[PDB]
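Novice: Numbered according to the entry's author numbering, the sequence shown spans residues 478 to 742, 747 to 2076, 2094 to 2104, 2111 to 2148, 2151 to 2159, 2171 to 2183. Backbone N, C-alpha and C define an ideal beta-carbon position, used for all residues, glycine too. First the structure, then my questions, so here it is.
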Amino acid sequence: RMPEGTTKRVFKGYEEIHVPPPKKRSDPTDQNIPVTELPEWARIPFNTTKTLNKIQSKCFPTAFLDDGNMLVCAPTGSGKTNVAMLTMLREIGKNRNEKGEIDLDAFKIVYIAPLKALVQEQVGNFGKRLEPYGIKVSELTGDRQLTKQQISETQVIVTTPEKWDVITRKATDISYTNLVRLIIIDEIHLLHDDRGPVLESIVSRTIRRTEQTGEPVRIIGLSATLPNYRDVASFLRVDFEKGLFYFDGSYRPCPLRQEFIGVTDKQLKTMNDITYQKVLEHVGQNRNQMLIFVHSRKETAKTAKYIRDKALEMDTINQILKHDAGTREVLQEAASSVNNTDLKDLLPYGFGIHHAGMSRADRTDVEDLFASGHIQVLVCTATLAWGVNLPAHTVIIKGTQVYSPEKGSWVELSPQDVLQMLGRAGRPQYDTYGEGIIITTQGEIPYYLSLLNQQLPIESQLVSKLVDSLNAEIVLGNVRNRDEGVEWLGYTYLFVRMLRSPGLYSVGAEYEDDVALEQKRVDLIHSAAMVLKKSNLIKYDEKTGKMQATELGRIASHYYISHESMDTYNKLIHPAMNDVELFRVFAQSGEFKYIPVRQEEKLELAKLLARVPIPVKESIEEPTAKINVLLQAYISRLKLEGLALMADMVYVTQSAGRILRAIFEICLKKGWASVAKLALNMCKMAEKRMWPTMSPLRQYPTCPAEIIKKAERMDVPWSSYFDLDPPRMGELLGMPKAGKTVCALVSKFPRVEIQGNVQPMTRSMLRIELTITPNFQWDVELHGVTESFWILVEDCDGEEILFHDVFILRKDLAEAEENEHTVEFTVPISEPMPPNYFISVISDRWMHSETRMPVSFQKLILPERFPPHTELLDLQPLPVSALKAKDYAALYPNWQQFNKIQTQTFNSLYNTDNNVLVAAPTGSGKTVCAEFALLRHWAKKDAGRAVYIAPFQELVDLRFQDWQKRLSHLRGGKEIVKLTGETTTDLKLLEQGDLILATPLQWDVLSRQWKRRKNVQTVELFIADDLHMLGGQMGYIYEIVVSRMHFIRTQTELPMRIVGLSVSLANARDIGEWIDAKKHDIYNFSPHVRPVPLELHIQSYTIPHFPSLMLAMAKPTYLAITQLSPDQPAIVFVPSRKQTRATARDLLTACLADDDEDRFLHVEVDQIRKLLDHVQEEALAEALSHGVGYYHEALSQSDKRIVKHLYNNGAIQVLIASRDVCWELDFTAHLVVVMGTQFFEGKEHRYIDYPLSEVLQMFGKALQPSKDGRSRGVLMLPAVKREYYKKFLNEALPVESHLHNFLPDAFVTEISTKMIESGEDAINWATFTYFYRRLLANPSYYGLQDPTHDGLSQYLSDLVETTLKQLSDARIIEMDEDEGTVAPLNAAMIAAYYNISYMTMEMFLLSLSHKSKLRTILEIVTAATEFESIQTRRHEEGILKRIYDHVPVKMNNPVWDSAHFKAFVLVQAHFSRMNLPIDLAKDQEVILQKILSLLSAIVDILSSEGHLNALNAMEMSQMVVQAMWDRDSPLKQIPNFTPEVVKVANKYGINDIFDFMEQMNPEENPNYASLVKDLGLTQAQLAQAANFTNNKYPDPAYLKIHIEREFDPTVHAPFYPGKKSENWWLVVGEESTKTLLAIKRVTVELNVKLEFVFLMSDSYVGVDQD
Ligand SMILES: Nc1ncnc2c1ncn2[C@@H]1O[C@H](COP(=O)(O)OP(=O)(O)OP(O)(O)=S)[C@@H](O)[C@H]1O
Ligand SMILES: Nc1ncnc2c1ncn2[C@@H]1O[C@H](COP(=O)(O)OP(=O)(O)OP(O)(O)=S)[C@@H](O)[C@H]1O
Ligand SMILES: Nc1ncnc2c1ncn2[C@@H]1O[C@H](COP(=O)(O)OP(=O)(O)OP(O)(O)=S)[C@@H](O)[C@H]1O
Ligand SMILES: [Mn+2]
Ligand SMILES: [Mn+2]
Ligand SMILES: [Mn+2]
């Protein structure tokens, strides 16, 4: 190895090696130098120069048109940044297209730079140059997840490699990580350094994901001229003949002269004297300014002082100090007056200093003076070379020994440092050439010679960090087995560098016949994984190769902790650990083992050990004790004099944050409250640089040290600083001047009040509702947009953690009017009850920010002990013959015998008429239990009416579909029916039908007037299926109707049997006695008696970002399907209907990653294409074409039918359903995945947990057995919920009543029917409720505190009186102080009629008490509470806003994330006939379903108040049925009548539809040949027009009446989902009087009179006469 230049010159002690600067050699004229005549865009960044150099010339074609990866290798200071700029502009042009700049959320781009200085400089440059495009450039920094999350909301992200690697390792930003499309890697020769492995990790994982998924991510790399560049090219997966570029020194815009000097291998003043001589030569004779590079903040000033002193003596300051008046005066004045940093008074001599320890203003002044020419010699550090654009003619790198504390020794400079330093040599437009000198030793000259002459190979250093990096890939789920590990390792720089030089990497030569070093990659991974197995970071099945990450491995990856350090932490941490032992554990980290104790620093160390508070039991002058006291002294803010000691301390403190956070999370996951809180406090000590015993004001940067000093000289407790004003603040602090200052600081200190509500669920688990209220003024400068907190729940002893979570407080929600947040969790409890628990809310970053709360159990009453389940008797299986009738036995031809649940319940269901309750797991046969009662009922020739009830319309619909087909041909007639919703139509079905299926609300509506309707009294059989769902939402009406049926059979002595079905109950005695069942008729079977046993796997996840968690669960579900149910169907439930499509895509991409795209397809696509063409949703058609398909509420009926056909016939194997249709889903699988147990609720701005009944219902679909005879489920939840959902999946389901929370809406219906005329009537009614029977069993769940009859009666009295008070303060009920009497007003009548909430009713009456206009009723209707039950999808703002700007009527105060605003906008969208996306259109459908009922209610309200504007509201009813405004012309009702056609007809003088049909031309006018041709409609469209125009369009003593007609009541309304009948309103009056007449809702030759103390159609526009 001896390549070099031309000349050597030996001297007394040094050896000058001079390499000539190469000529430009621009003889090849093929160099284009492209003129900036690009398109209008991509020209705005290039403003400072109108021409591109030769390198950007050669790179432009593939950088601006092609998309492939790219590698450029240019000399130092060449102009490579603009190549990356070209690629950025191409990616920009990809998104914004079609003469219009489009959204920036469609793409992101990352720029990876080696050091922070270059990161910030590039942030500035790219921000300035891309600001006209509107895009934001941001630096990824802060080390806090809440600021990095906000930073990742920008497109151009500049970052260091370690920061990007740790961001991707945490995997809590993948939703935006997937948006990146281009990655720029600057100075890739860092791969040779010890930091190269992080770049290898980044590039390998990115390229592997892009190659296995197809989603392209462009990679552009900028590097220097070093050998092995084609190696890093192939590692970057670049085409050599398309995107590889290598430019020699001849392409440098300003050629550099290299000069190497080395002192003889005494005296180190030789380097300083040589620098002084070279300063004399270049600044004196050549008159060139120059900069020198040293590697210390103090050594730079030392060398500058030495040069200036040696120039002072010997009268040599001349030739250096400019002598003109201007430069001298400017230097003198600027230095003496403006600058503040000491040792900077070298400026009057023309000298300048620069390093990171100076002010930003001082550095900018130095930069401006050097650029202006006033500074000739500038001594500086590497931060200048990395972060400023300040070039000089001459650059001297003085010294090559730099201290590395991580290695604890003096090492040589890194190649990237010297290359960046020499990049500043030679000005491009001032001088012809540049000069770069390196001053080193004699034994290190060949190293830098090879470095600068392209002879320093770039070798991989991944092995030293393999075990760690592999672990990361496992924690990400990208490496689950040996083969995936080898696939990952094949995308690293180590792999290609091993393929080229096997002997140099000691492969061992055993792998001679090893293709692609495959056997070398397993042997290299099996070892690494083995280590990970022994440190307990990974679970590694040696045989099957499968690997999985443990929580320790996840913590190690998230915090960049070595496996050795993790081993030490896990082995050393114990729950009783104090601060001393925690510091000792910190000091035993492997990241610091190479730091030795030195006698040179024996004194200071001792001086430091006496000033640090924490005792150091470790032996003095031991490396661990050294770094311990280093951390402590850093926290103590102590100045240090030792240089290497200062470097060691800087290193220790840079690592301290990660190490202490890892310690904290270790203590947290093991559930040790004391040491967890201590470790969190230590994290705060290190990150804020303060002990807990000092003033918390130290956390504020802008707080003057005088105030801190004063406060720490005081004894005032910190809590006494709060709840004051500036006067009292200054008075309390003894310093009036500061009164306003610190008052503004403590007011911004994160403060939170908390409240707790405890509800016992069982004797071993409580449910806690925690209300958190912000009590501090927000400030973005020191808070950001979100503040993180920890919720901890500790024992009475404070020893273990019973619950912990993160609470993220957003700025928008914190400073809101109603800013209260809620958190609902569960904690266990032992039967000897502890006196109390503790709840702490502790800031994650701020010290002394903690709100603590006792949770006392002295008043808590645990519910009654659960009794044993009814045992499953091992009886002889009952044959079907036991039915005693072939008629009934024909109904069950598939099975010879019933299962043991049906045989054990057979006698009491089929041979007796007693009330029965059967509780069994889902999928056990309970429908047969109901059919037993049905068959006995129909055996009796009386054959009374039976009523089946199910909680949801989907369940009654499936039940009807089955029973109307199976149970039709029977003894007499079938006539089984299902109700519709309106009383008059289903009452005829009740009179007509023998078996009436209904929902709780449908049966409620007609069972209210049971006294006047004998058909409700004569009901002999009543089956309440899914009775436990009374605890589900809208389940209180179920409880109401069951209690009312019992009351009915108790009033009328007629016999009435009740049969209840539910899942396995924890408390079945109360439900059984509720329906008056005998002890022997209450079958509450164990939750394990399901005929097909269920294997249940639970998987925990810790990902605070919801889209990231949802993406993270995708591949585990693929693995669960492929391994647990490979050849059997599978169903996967997701939290949202929009999540079904996303999860379908994620699963399909996981299939692509496994090199099997159609893995879940089992039929040729050509056989399925016939049906695939029929699907409406394109995403569903694609997923089905690859064999997945999904199912959600927004799917059309045909799409559901196609999905069901394809799934049942085995064509597709997987099915992804939303949790919103878990009851409707008429499907069955061998495996059921529950991917997530949370859904976002718009009201509370938070995620709610799945009801347990929902998880039971979803796992009840797992009924197809394997050869094992068992079904399989996997439940994927957050970790904090695991023990909850486990608890109530292996134990029965507890059911409580929420009727006490909906008593107003129940009393509305009760009092409206005079069923409750007084408060004692209300108490008597309540006695019939399950709530009442459950007050004695679990009183603390309902707020009751005295279990005696006195306390119970007092509780009921308080409850009914408060409910009647709520209904009386609202203008609904009539009740006063005289007696507890209540009377229903006209409001309660229509409230119970139209089935609207009482809150909606109150706000209706309040906003309508004054006669309002139509534009006001539009705002009032959409504010109803019924619409608040509609889901809000995240990030749908803007769409609603974009369509709200295209809308005539608007509200004064809009809330863009409210259901009110959504309904308000969507109703007007319906009116304007605007296209809507799928989910928004389904929401609009849901709106329109109820808006008509709400409008009729408002009509009745305004008629009750007697105001005229009632006649306005009914007009609204037309507008929604016909989807048009009141201003619009009638002609828009005709089909295919675009407003263009409306104006074409208006030109022909057509205003009404009557004028349209009268002006048709069979024989009327010759306008046909003109009008038809002007309308542009085809004969089919004209026929469809004639259809509507001819077939469906219409044509106090007393008051006379006279009516006539021109029919089918069916209304033609293509835009209204459902059916309507043509009603009419009749009322008249006077306009000036502002009073209305009585109005009667006329039906369809009907003469109706009117008592006087228009004909208003509800669905058409040709409405009224005058
Ligand atoms: N076409 C151009 N016309 C004028 N100046 C240019 C042009 N291209 C680049 N430069 C300037 O050349 C200097 C160096 O280019 P950069 O790409 O920013 O740095 P560099 O090439 O990466 O140097 P290093 O030390 O290797 S990082 C900058 O000051 C640019 O503004
Ligand atoms: N003895 C039996 N042998 C085999 N299959 C049966 C038997 N009894 C019922 N099944 C079937 O097994 C499935 C169980 O569904 P069901 O038990 O009727 O519903 P459920 O478990 O009571 O809960 P629901 O329907 O949500 S109220 C149905 O497909 C039945 O047809
Ligand atoms: N741990 C938490 N504590 C409190 N509120 C939370 C928490 N997680 C989520 N939220 C709330 O739920 C909302 C939705 O959060 P996520 O969808 O998980 O992520 P995100 O914060 O919205 O990030 P974006 O909006 O996608 S950039 C947040 O805006 C919060 O209001
Ligand atoms: Mn660069
Ligand atoms: Mn059932
Ligand atoms: Mn396809």
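Leaving out five residues before and five after residue 1791 in sequence, what residues of the same chain have Cβ atoms less than 6 Å from its Cβ?
Specialist: So the qualifying residues of the chain are 1797.
Novice: Leaving out five residues on either side along the sequence, give the residues of the same chain with a beta carbon under 6 Å from the beta carbon of residue 1246.
Specialist: These residues qualify, in order along the chain: 1307 and 1309.
Novice: Whole angstroms is fine: what's the gap from residue 1738's alpha carbon to residue 1237's?
Specialist: Roughly 31 Å between the two C-alpha positions.
Novice: Any idea which residues DSSP pairs residue 2032 with across the strands?
Specialist: Per DSSP, none; premise fails for residue 2032.
Novice: According to the neighbour-count rule (16 or more other Cβ atoms, all chains shown, within 10 Å of its Cβ), is residue 486 buried or exposed?
Specialist: Residue 486 should be labelled exposed.
Novice: Among 2122, 814, 2136 and 2004, which one has its Cα closest to the Cα of residue 2178?
Specialist: Here the closest residue by C-alpha is 2004.
Novice: Report the option in 1194, 986, 829 and 1959 whose CA atom is closest to the CA atom of residue 1618.
Specialist: When only C-alpha atoms are compared, the closest one is 1959.
Novice: In or out: residue 1093 buried (at least 16 other Cβ within 10 Å) or exposed?
Specialist: Per the 10 Å Cβ criterion, buried.
Novice: Would you report the Cα separation of residue 1938 and residue 637, rounded to the nearest angstrom?
Specialist: Roughly 36 Å between the two C-alpha positions.
Novice: Would you be able to state if there are at least three C-beta pairs under 8 Å between the region 775 to 790 and the region 722 to 741?
Specialist: No, the region 722 to 741 does not touch the region 775 to 790.
Novice: In whole angstroms, give me the CA-to-CA distance for residue 2002 and residue 2058.
Specialist: Looking at the two C-alpha atoms, the distance is approximately 24 Å.
Novice: For ligand 3, any of its heavy atoms closer than 7 Å to the Cβ of residue 2035?
Specialist: No, since every heavy atom of ligand 3 falls outside the 7 Å radius drawn around the Cβ of residue 2035.
Novice: So, at 6 Å on beta carbons, what are the nonlocal neighbours of residue 1391 in its own chain, with the 5 sequence-adjacent residues on each side left out?
Specialist: Here the set comprises 1413 and 1417.
Novice: If you compare alpha carbons, which of 1951, 1933 and 1899 is closest to residue 1924?
Specialist: Checked all of 1951, 1933 and 1899; the closest Cα to residue 1924 is 1951.
Novice: Would you mind listing the beta strand (DSSP E) stretches within the region 848 to 926 that are 3+ residues and don't spill past its ends, in chain order?
Specialist: DSSP runs (the beta strand (DSSP E)) wholly in the region 848 to 926: 858 to 861, 875 to 879, 882 to 885, 890 to 893 and 915 to 922.
Novice: Using a Cβ-based criterion (distance less than 7 Å to any ligand heavy atom), does residue 557 qualify as near ligand 4?
Specialist: At least one heavy atom of ligand 4 is nearer than 7 Å to the Cβ of residue 557, so yes.
Novice: Comparing C-alpha positions only, which one of 1095, 1355, 1119 and 1203 sits nearest to residue 1163?
Specialist: For the residues 1095, 1355, 1119 and 1203, the minimum Cα distance to residue 1163 belongs to 1095.
Novice: Would you mind working out which of 516, 1199, 1222 and 1878 sits nearest residue 1208, comparing C-alpha positions?
Specialist: With distances taken between Cα atoms, residue 1208 lies closest to 1222.
Novice: Report the three-state DSSP secondary structure of residue 1035 (helix, strand or coil).
Specialist: Reduced to three states, the DSSP call for residue 1035 is helix.
Novice: Could you check if residue 1666 belongs to the surroundings of ligand 6, using beta carbon to heavy atom distance under 7 Å?
Specialist: Residue 1666: yes, Cβ under 7 Å from ligand 6.
Novice: Give the DSSP bridge partners of residue 1240, in chain order.
Specialist: According to DSSP, which records beta bridges pairwise, residue 1240 is partnered with 1248.
Novice: Does the separation of the CB atoms of residue 1717 and residue 1696 fall below 8 Å?
Specialist: No; because the gap between Cβ atoms is not below 8 Å, this pair is not in contact.
Novice: Let me check one thing: in DSSP terms, what residues is residue 1479 bridge-paired to?
Specialist: 1430.
Novice: Does the pairing of the region 2114 to 2127 with the region 1954 to 1970 give three or more beta-carbon distances under 8 Å?
Specialist: Contact holds: three or more Cβ-Cβ distances are below 8 Å.
Novice: Quick one: residues in its chain with C-beta nearer than 7 Å to the C-beta of residue 1839, no 5 flanking neighbours on either side, listed in chain order?
Specialist: Closer than 7 Å at the Cβ level, and outside the excluded window around residue 1839, lies no residue.
Novice: Tell me the DSSP bridge mates of residue 2144?
Specialist: Its beta-bridge partners are 2130.
Novice: Residue 1754 by DSSP, collapsed to three states: which one?
Specialist: Note: residue 1754 maps to strand in three-state DSSP.
Novice: Would you mind reading off the limits of the beta strand (DSSP E) that contains residue 1020?
Specialist: Residues 1019 to 1021.
Novice: Would residue 1399 and residue 1379 qualify as a contact pair, given that the criterion is a beta-carbon distance under 8 Å?
Specialist: Not a contact, by the Cβ cut-off of 8 Å.
Novice: Name the DSSP bridge partner or partners of residue 739?
Specialist: BP columns for residue 739 point to 921.
Novice: Report all residues from its chain with a CB closer than 8 Å to the CB of residue 1328; omit the five preceding and five following residues, and keep chain order.
Specialist: The residues are 1162, 1165, 1166, 1169, 1171, 1173, 1177 and 1180.
Novice: Measure the CB-CB distance between residue 1044 and residue 1084 and report whether it falls below 8 Å.
Specialist: No; because the gap between Cβ atoms is not below 8 Å, this pair is not in contact.
Novice: Can you tell me which of the three DSSP states residue 1851 falls into?
Specialist: Note: residue 1851 maps to coil in three-state DSSP.
Novice: How many angstroms separate the CA atom of residue 2009 from the CA atom of residue 2032?
Specialist: Rounded to the nearest angstrom, the two C-alpha atoms are 10 Å apart.
Novice: DSSP state of residue 1975, grouped into three classes?
Specialist: In the structure shown, residue 1975 sits in a helix (DSSP, three-state: H, G or I).
Novice: Nearest CA to the CA of residue 628: which residue from 1353, 909, 650 and 607?
Specialist: Ranking 1353, 909, 650 and 607 by Cα distance to residue 628 puts 650 first.
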